[PDB]
DNA sequence: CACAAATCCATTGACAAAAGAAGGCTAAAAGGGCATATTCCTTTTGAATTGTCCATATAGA
C-alpha cells in the first residue's frame, strides 16, 4: 500500500510541477487580456489575479 | 319594615374576520461551458533619521 500511494503522491507532485510550469509561462497572456478591462471598477491586480 | 318588579353581571352559542402556515408557482439568481490566434501597466520650514565623510587616537611597522 505504501509503494502504491507513494507512487501516487509522486505522480501528483509531478502533475502539480507541470501545471505550475505552464501557468508561469502564460502569466503574460493574462496581463495581455487583463489590460483591456482597465477601469471598470476593479483594480488591476484584482484583474490579473482573477485571470 | 316585608313583598313585588326594573336594572345590573355572568355563560351558550354561534358567526365572521384574521392571522399563521403550507403548498404550488414563478421570477430570479447562480453555475458551467465555450478550441484559427491574443503574450511586460499609465510649498516651504523644521525636526529627526539615515547614510556619508572627518578628526583622531591608537596599533603595527
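Residue numbers (the entry's author numbering): 358 to 408.
Quick reminder that beta carbons are idealized off the backbone N, C-alpha and C, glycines included.
Report yes if the CB atom of residue 404 is closer than 8 Å to the CB atom of residue 394, and no otherwise.
As a position in the first chain, residue 404 is number 47, starting the count at 1. As a position in the first chain, residue 394 is number 37, starting the count at 1. Yes, the pair counts as a contact, with Cβ atoms nearer than the cut-off.
I need the straight-line Cα distance from residue 382 to residue 361, nearest angstrom please.
Here residue 382 is taken as the residue at index 25 of the first chain, counted from 1. Here residue 361 is taken as the residue at index 4 of the first chain, counted from 1. Answer to the nearest angstrom: the Cα atoms are 32 Å apart.
Expressed to the nearest angstrom, what Euclidean distance is found between the alpha-carbon atoms of residue 359 and residue 386?
Sequence index remark: in the first chain, residue 359 carries index 2 (1-based). Sequence index remark: in the first chain, residue 386 carries index 29 (1-based). If you take the alpha carbons of residue 359 and residue 386, they lie about 41 Å apart.
From the DSSP output, in three-state form, read off residue 398 for me.
The residue labelled residue 398 in the question sits at position 41 within the first chain. In this structure, residue 398 counts as coil in the three-state DSSP scheme.
Taking C-beta to C-beta, are residue 408 and residue 390 nearer than 8 Å?
The sequence position of residue 408 within the first chain is 51, counting from 1. The sequence position of residue 390 within the first chain is 33, counting from 1. Going by C-beta atoms, residue 408 is nearer than 8 Å to residue 390.
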